[PDB]
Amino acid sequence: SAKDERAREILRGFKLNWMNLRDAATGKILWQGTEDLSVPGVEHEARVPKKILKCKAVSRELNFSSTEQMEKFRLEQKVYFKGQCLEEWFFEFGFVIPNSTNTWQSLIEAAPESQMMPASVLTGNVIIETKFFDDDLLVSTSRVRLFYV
């Protein structure tokens, strides 16, 4: 399949260089990471301060590079608590220039039901599954276990 291999080429040339999380209201940093969490197969770990749970919302910034051109680069994310899906998030970036590096800012809001759970119950039991697409085409699937510390 040309589709599978195209997806593979995109992945070989892609990485996430860093990300941030800010309080969306003040703009102050909460957490930042430098490991490439695009990487599938490994369960990644993220130890994020629990004050992030006391946020109406979070601003997130991803810096990534891609050798491959992408037509409509986007993300589907689902957040799981003990295998139960709490959130279902979508983000489009769009067209990506080949061999570019890009910063991308997204607003991240949780549902009330999510907000009704404490760090003590969430910590270690949350997994963000991140699906990276170009349009209709799955490039990579990574997962991150979160601790609220």
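Residue positions are given as counts along the sequence shown, with the first one as 1.
- For the two regions 86-94 and 37-45, the entry's Cα B-factors average higher over 37-45.
- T67: CA B factor lies in the middle third for its chain, per the PDB record.
- Placement of the Cα temperature factor of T26 within the chain: highest third of the modelled residues, per the deposited record.
- Ranked by Cα temperature factor within the chain, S120 sits in the lowest third according to the deposited record.
- Ranked against the other modelled residues of its chain, the C-alpha B-factor of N102 as given in the entry falls in the middle third.
- In the PDB entry, a CA B factor belonging to the middle third of its chain's modelled residues is recorded for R143.
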